[PDB]
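A closer look at the structure
What follows is each chain in one-letter form.
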Amino acid sequence: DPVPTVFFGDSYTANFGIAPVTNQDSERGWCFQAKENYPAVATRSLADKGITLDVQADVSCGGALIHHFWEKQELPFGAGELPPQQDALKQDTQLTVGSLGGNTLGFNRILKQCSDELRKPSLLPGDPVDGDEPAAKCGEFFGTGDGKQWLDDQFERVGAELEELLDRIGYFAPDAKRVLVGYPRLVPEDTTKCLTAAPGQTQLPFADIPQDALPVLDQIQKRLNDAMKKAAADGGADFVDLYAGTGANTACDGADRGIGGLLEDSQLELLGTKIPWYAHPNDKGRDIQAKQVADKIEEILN
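Structure determination for this PDB entry was carried out by X-ray crystallography, with a resolution of 2.4 Å recorded in the header.

Labelled according to the PDB entry, the protein appears under the name ESTERASE, originating from Streptomyces scabiei. As recorded in the PDB, the entry bears the title "THE MOLECULAR MECHANISM OF ENANTIORECOGNITION BY ESTERASES". According to the UniProt record, the Subcellular location comment for the protein reads "Secreted".

And the structure:
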């Protein structure tokens, strides 16, 4: 029996960094949506456990905030405006899976606050939060500065928008089982490990990001995690908690790392150049995400 499914999401569902991209030569080429994102792979695995998903749409796109779920997405450089992701849903849709939230919290703007490197032209959206506060002051600004109230501001835009997302889904796809996917762990509980470059890498997991900045970063990810979990709890959604089991597949677990480094090179090439991972899941990181998602879907369809 087909299970009409829609995948939606930010670049942790699109899988920024894995190539080939789908819609290469089109407007959605700027979504940097791999052909083999966790959605594509979970389908495959579920097919062979005899679960047959009839994917109706996969509208994940990098840079997508939560509100792009109901607002038009403006792609970079004049590419075009993408329709709201909610438009991909049908009343006969039975399953919705994706990750939304990191961009609204602005996890991208947080890396650029702690990295001068990142504050230069890169393909990672956003501006630093305080463009004048300096890169290294970063673990301080967020823990003590104006960054501390700013986090709480954003955290509250997050609850409200997750809550709204979970209700437009409930409205549009009344029968849909809703699955909210969590972000996998970036930084381990033992930051010391980020201090070494990963086998084959010359550059550190998190480039110029003050090491002292590392524990705040996790703290920020724990929160975000906890916000998404209450959102699904209170919304009637199921949540896939990747953060709780990627504890040893972080940016800094060397060869078991599931996160490509900040400045490490993806598979993506633009003129004769690899675009860096920018801290997005890699092949392994995508295999986990793929596994974990397959796993819960199985749970819920049984």
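So, the state of the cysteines
Per the stated rule, a full pass over the model turns up three disulfides. Paired by a disulfide, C31 and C61 hold their sulfur atoms 2.0 Å apart. A torsion of -85° about the S-S bond marks the disulfide between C31 and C61 as left-handed. With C31 in the loop between helix 1 (11-14) and helix 2 (38-48) and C61 in the loop between strand 2 (53-58) and strand 3 (73-74), this pair connects stretches of sequence that are 30 residues apart. Of the two residues, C31 and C61, both sit in the buried class.

Topic: the environment of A173
If you trace the backbone, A173 turns up in the loop between helix 6 (147-172) and strand 6 (177-181). For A173, a relative accessible area of 0% puts it in the buried group. For the pair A173 and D92, spaced 81 residues apart in the sequence, the C-alpha separation amounts to 6.8 Å. Leaving out residues up to four positions away in the same chain, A173 has contacts with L89, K90 and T93.

The rules behind these values
Residues numbered from 1 in each chain as written, not as in the entry; some residues may be left out. Heavy atoms only, no water. UniProt positions renumbered as here; feature names shortened; annotations may be inferred. Disulfide = S-S within 2.5 Å. Helix = DSSP H or I, 4+ residues; strand = E, 2+ residues; numbered from the N terminus. Buried < 20%, exposed > 50% of the residue type's maximum accessible area, 1.4 Å probe, protein only. Contact = heavy atoms within 4.5 Å.

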